[PDB]
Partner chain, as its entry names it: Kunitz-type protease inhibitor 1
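What follows is one chain in C-alpha cells, specifically the form solved without its partner chain.
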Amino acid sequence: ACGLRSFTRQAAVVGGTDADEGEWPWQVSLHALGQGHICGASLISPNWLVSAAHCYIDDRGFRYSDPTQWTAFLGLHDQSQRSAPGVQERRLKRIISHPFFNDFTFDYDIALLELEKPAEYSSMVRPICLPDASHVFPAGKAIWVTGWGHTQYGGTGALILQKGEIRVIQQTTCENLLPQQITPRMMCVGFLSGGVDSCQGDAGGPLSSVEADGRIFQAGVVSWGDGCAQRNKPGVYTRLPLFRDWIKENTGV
C-alpha cells in the first residue's frame, strides 16, 4: 500500500508547476523551530522518514543535529496554511545519518528520521515505495522533483508546493562537466519540465518516479539545494536503491 495517491478532485489536469492537494502525500516539510521550513523529507512508514544527512549538521549556534529542534509537517500544501484540515504535525525522536556521510563532498547524503508519534495515513498523508537495490532507473527516465525551494539566487520559495520533472542522463556527463566529485551514490540528471531549473526541491526531498506498475517509487534524494538542473549544466542527486537494505535494517521498512 505504498505510493498510490488519491488525486483529490482535478484542479490542474493540463499541466502547471503548482502541485495539487493530495498529489504528493509523502512530501514532508521539516522546520527547525524558530525558522520555518528548512528541509524536505519523505514518508516511508507510519514512523520513519527519509531525508538528507547534511540537513542535520550544526551550523551557527543552532544545533541542526539535535532532533528535539525539529518539527515535521505532513500532508502540508501551503506553507501559510499550517493550520488546514489534512495537516499533521509530528516531533522528531531520532536522527540516523548515514555512517559514511562526508560533510565536504556530500557523499552518502541520506538520513533516517523517527517520528515521536506515528503519522496517520489519510487522503493527504501516504507513504512512497522504496526501490530494491537492483531497481534500475535508466537514462532518459523522467522523475518528479517537488518542494518549496528557493531560487538559485535565493529568492523566496513559493508558498504552494511546486512540482517539476528531470530526466536521468549518463553519469559520464556530470563527470566531464562538473568540477565537483561525482560518486557512485549520485545520479546525473538533466532538466525536463517546469520551471527554469529544478531548484524547487528542498534538500532531503524525494525524487518521485512513476513506474510501469503505476505505483510511485522514490528514485533518490535531493542533495545540494542548488545542485539543480538547468539549460546549460546538469544536476546531481543522491541515489536511493543502494541504501535499501540499510534503511530496512535500521527501520524495519
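Residue numbers count along the first chain shown, from 1. Rigid core (definition): largest C-alpha set, two forms, superposition within 1.5 Å. Shifts are known only where both forms have a C-alpha.
Form deposited with its partner chain bound: not shown, discussed below.
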Inset, instruction - From the candidate stretches 83-91, 112-120, 97-105, 133-141, select the single one in contact with its partner chain in the entry with it bound, where contact means a heavy atom within 4.5 Å. - result: 97-105
Legend entry - Contact label in the entry with it bound: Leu192 to its partner chain, heavy atom within 4.5 Å: no
Inset, instruction - Examine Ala203 and determine whether its closest non-hydrogen atom to its partner chain in the entry with it bound is within 4.5 angstroms. - result: yes
Legend entry - 4.5 Å heavy atom contact, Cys188 to its partner chain in the entry with it bound: no
Inset, instruction - May I ask you to check whether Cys228 falls inside a 4.5 Å heavy atom distance of its partner chain in the entry with it bound? - result: yes
Inset, instruction - Could you tell me if all three of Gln35, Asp197 and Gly235 have a heavy atom no more than 4.5 Å from its partner chain in the entry with it bound? - result: yes
Legend entry - Contact set, 134-163 vs its partner chain in the entry with it bound - heavy atom within 4.5 angstroms: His150, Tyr153
Legend entry - Core fit, then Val28 C-alpha moves 2 Å or more between the shown form and the other one: no
Legend entry - Is_shifted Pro67 between the shown form and the other one (CA, 2 Å cut-off, rigid core): no
Legend entry - C-alpha of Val196 moved at least 2 Å between the shown form and the other one on rigid core: yes
Legend entry - Cα separation of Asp202 and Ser198 in the entry with it bound versus here, shift of 3 Å or more: closer
Legend entry - Direction of the Cα shift between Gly195 and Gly75 in the entry with it bound, where the change is 3 Å or more: farther
Legend entry - Segments displaced between the shown form and the other one (3 or more residues, each Cα shift of 2 Å or more, core-superposed): 13-16, 151-154, 189-201, 225-235
